[PDB]
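**Student:**
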Amino acid sequence: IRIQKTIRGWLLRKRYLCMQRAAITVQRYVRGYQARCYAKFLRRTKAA
Amino acid sequence: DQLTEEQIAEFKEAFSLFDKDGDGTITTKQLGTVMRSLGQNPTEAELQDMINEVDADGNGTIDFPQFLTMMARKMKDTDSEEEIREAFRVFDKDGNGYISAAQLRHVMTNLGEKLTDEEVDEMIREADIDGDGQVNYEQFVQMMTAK
Amino acid sequence: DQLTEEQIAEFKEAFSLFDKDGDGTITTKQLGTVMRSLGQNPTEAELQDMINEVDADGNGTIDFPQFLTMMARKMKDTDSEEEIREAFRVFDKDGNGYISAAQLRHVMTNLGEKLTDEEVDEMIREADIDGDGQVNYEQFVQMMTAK
Amino acid sequence: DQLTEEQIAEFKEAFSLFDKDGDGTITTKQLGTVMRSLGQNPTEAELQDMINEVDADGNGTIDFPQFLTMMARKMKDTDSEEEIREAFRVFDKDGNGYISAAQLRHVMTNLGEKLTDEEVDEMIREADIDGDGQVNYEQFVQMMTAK
Numbered sequence: 771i772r773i774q775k776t777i778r779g780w781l782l783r784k785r786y787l788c789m790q791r792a793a794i795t796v797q798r799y800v801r802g803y804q805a806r807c808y809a810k811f812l813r814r815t816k817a818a
Numbered sequence: 003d004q005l006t007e008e009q010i011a012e013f014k015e016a017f018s019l020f021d022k023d024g025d026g027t028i029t030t031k032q033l034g035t036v037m038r039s040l041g042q043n044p045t046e047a048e049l050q051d052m053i054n055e056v057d058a059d060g061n062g063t064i065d066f067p068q069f070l071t072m073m074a075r076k077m078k079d080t081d082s083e084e085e086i087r088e089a090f091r092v093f094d095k096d097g098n099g100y101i102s103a104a105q106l107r108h109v110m111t112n113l114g115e116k117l118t119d120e121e122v123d124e125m126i127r128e129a130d131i132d133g134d135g136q137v138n139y140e141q142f143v144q145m146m147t148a149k
Numbered sequence: 003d004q005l006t007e008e009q010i011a012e013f014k015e016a017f018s019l020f021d022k023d024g025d026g027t028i029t030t031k032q033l034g035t036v037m038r039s040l041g042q043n044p045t046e047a048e049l050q051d052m053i054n055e056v057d058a059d060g061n062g063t064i065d066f067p068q069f070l071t072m073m074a075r076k077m078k079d080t081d082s083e084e085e086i087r088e089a090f091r092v093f094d095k096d097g098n099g100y101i102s103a104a105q106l107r108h109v110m111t112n113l114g115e116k117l118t119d120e121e122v123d124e125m126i127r128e129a130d131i132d133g134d135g136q137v138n139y140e141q142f143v144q145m146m147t148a149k
Numbered sequence: 003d004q005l006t007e008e009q010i011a012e013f014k015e016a017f018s019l020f021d022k023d024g025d026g027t028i029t030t031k032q033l034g035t036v037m038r039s040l041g042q043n044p045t046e047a048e049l050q051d052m053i054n055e056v057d058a059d060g061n062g063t064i065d066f067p068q069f070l071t072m073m074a075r076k077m078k079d080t081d082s083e084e085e086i087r088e089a090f091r092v093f094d095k096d097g098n099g100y101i102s103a104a105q106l107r108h109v110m111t112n113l114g115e116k117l118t119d120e121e122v123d124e125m126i127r128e129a130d131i132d133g134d135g136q137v138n139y140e141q142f143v144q145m146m147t148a149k
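For the protein sequence lines, the chains are A, B, C and D, in the order given.
To convert, take the position in the first sequence, counting from 1, and add 770; that gives PDB author numbering.
To convert, take the position in the second sequence, counting from 1, and add 2; that gives PDB author numbering.
To convert, take the position in the third sequence, counting from 1, and add 2; that gives PDB author numbering.
To convert, take the position in the fourth sequence, counting from 1, and add 2; that gives PDB author numbering.
(1) Please name the residue, chosen from D/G41, D/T111, D/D59, that lies closest to D/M73 on a Cα-to-Cα basis.
(2) Given C/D59, which residues of its chain have a CB within under 6 Å of its CB, disregarding the five upstream and five downstream residues?
(3) Suppose the cutoff is 7 Å on Cβ atoms and the five residues either side in sequence are ignored; what does the same chain contact list for D/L5 look like?
(4) Just tell me which of D/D3, D/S82, D/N138, D/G114 has its CA closest to the CA of D/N43.
(5) Quick one: is D/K116 buried, meaning 16 or more other Cβ sit within 10 Å of its Cβ, or exposed?
(6) So which of B/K149, B/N138, B/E128, B/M145 has the shortest CA-CA distance to B/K95?
(7) Which residues mark the beginning and the end of the beta strand (DSSP E) in which D/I101 is found?
(8) Report back the beta-carbon spacing between B/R107 and B/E140 to the nearest angstrom; my notes put them in contact at under 8 Å.
(9) Classify B/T80 as helix, strand or coil using the three-state DSSP reduction.
(10) Counting Cβ pairs, one atom from each stretch, are 3 or more of them under 8 Å apart for the region 46-57 of chain B and the region 24-35 of chain B?
(11) Can you pull the chain A neighbours of C/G114, defined as C-beta to C-beta under 8 Å?
(12) If you draw a straight line from the alpha carbon of D/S39 to that of D/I10, how long is it in whole angstroms?
(13) With a CB to CB cut of under 8 Å and the five nearest residues on each side skipped, what residues in its chain are close to C/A104?
(14) What residue range does the alpha helix (DSSP H) around C/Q68 cover?
(15) Determine which residues of the region 73-105 of chain D have a Cβ less than 8 Å from any Cβ of chain A, and write them out in chain order.
(16) What are the residues of the region 42-59 of chain B that lie near chain A, defined by any Cβ-Cβ distance shorter than 8 Å?
(17) What is the rounded straight-line gap between the Cα of D/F93 and the Cα of D/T118?
(18) For a quick check, are the C-beta atoms of A/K784 and B/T45 less than 8 Å apart?
(19) Taking buried to mean at least 16 other C-beta atoms within 10 Å of its own C-beta, is D/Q50 buried or exposed?
(20) List the residues of chain C that B/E124 touches, going by C-beta distances under 7 Å, in chain order.
(21) By the criterion of Cβ-Cβ separation under 9 Å, what are the contact partners of C/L117 in chain A?
(22) Would a C-beta distance cut-off of 8 Å place A/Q790 and C/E121 closer than the cut-off?
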């Protein structure tokens, strides 16, 4: 019983950790793309 | 005891992750789901005890302050890694450091709190367990404890 | 690790764009925006770490020399379209290439660092709107790689 | 700061031409109009800055010393053909100098300073701009600097 409870707890913990890592990476890429778009927008506005 | 606010914030973030309502209250099923998702180890008996304590109020939803109290009560109980090592050594009849995958699967499936065989296959695939090859209990315990 | 003069000129151009004064000095938030505009993608926690490292010791704001030093020491190419696709598949519980817009918004806002709702709305509108309510992350990664 | 007496005479004569009151000092709106007349390079934001500075002064007219000072402010820009030709090039996805009037004017008005519909119409008509075809900009900047 101890083994199985610890195992299921660890499995859900690993699931949560993978979710967190993927979310952090996706947020990082999203912010990078948004900043790139903002820089291009600033370029366009200045030239206009 | 008083819990560090960083841990409290992490617990709140974990709660909000699966809180499909966003109100800081969620069903006891996802309560246990995030309890395990925190890395802690509650017995299903303790899970049922906590569920009935919540159901005494009749809400069926885990408010964040009571959730934090539950977190503290879980922090009260802390098993050691050596205990898990000894438990696995008990099932290591050979004592060669390796245990059989099929017999461990049978142990999981037909002892105590039986769980789904798909979860057993999840253990096999995630812990790169060979179907018949002997698997070291110690490496499994270590990569389990890494968290 | 000195930077190419073309990149130096591009950095000064970005300074002119972001800074109304256009003196080559930008704030820490502006520092992070320029970091992420160049194509280098550090995390918000990472960006705060480098901000504390530089500490704006030049003139209270990230100026051109500190900017050059930061870009020199933090030069990397860790961003990979396949990595983004794998992370989105990790999001995709179904694994069909489509991730629920509501679930994605919940994860972005609640999990870890909280994204602004405007950012999530921008990402939703950036990708093609779908009848199922799920954003196709494959094409999303496609134009993330494109620009 | 201090300009050639030829430019001094030119500016005084432009004053007198636009000196409807005949005071000898040009009005703020008349200041902007003669800046547009003399090939100067004021920004709409810069024009409003000048207007509010004069309002703080309160006279409503531009004396010659401040006129020469903002001549210095203008010529510190030392703008040339090539930079804005490059800006058109980055706007000219064709890259041949021939640029589509529709998208160019949409970016010109929507992004940055916003133009009234009339101003766009007369500027398209009088600057040999085709209604929808690809129009060259190089001659326009060449006769910018020629004036």
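No residue lacks a Cβ here, since even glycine has one placed at the ideal position from N, Cα and C.
**Tutor:** Taking the definition as stated:
(1) Among D/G41, D/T111, D/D59, the Cα nearest to that of D/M73 is on D/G41.
(2) Within the same chain, C/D59 has no close Cβ partners at all.
(3) Excluding sequence neighbours, D/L5 sits near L70, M73.
(4) When each option's Cα is compared against that of D/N43, the closest is D/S82.
(5) Around the beta carbon of D/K116, a 10 Å sphere encloses fewer than 16 other beta carbons of the protein chains shown; the residue is thus reported as exposed.
(6) Closest option to B/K95, Cα to Cα, is B/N138.
(7) Per DSSP, D/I101 belongs to the beta strand (DSSP E) from 100-102.
(8) About 19 Å; that fails the 8 Å criterion.
(9) DSSP places B/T80 outside both helix and strand once states are collapsed to three, so it counts as coil.
(10) Yes, the region 46-57 of chain B is in contact with the region 24-35 of chain B.
(11) Those within 8 Å of C/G114 in chain A are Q790, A793, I794, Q797.
(12) Looking at the two C-alpha atoms, the distance is approximately 15 Å.
(13) Setting aside the 5 residues that flank it on each side, C/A104 is surrounded in the same chain by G135, each with a C-beta closer than 8 Å to its C-beta; the list follows chain order.
(14) Where C/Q68 is concerned, the enclosing alpha helix (DSSP H) stretches over 66-75.
(15) Closer than 8 Å at the C-beta level to chain A, one finds these residues of the region 73-105 of chain D: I86, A89, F90, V92, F93.
(16) Against chain A - using a Cβ distance shorter than 8 Å - the residues of the region 42-59 of chain B are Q42, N43, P44, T45, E46.
(17) D/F93 and D/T118: Cα-Cα distance of roughly 21 Å.
(18) Cβ atoms of A/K784 and B/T45: not closer than 8 Å.
(19) Answer is exposed; the Cβ neighbour count stays below 16.
(20) Within chain C, no C-beta atom comes less than 7 Å from the C-beta of B/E124; the nearest is roughly 14 Å away.
(21) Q797, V800, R801, listed in chain order.
(22) Cβ distance not < 8 Å, so A/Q790 and C/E121 don't count as in contact.
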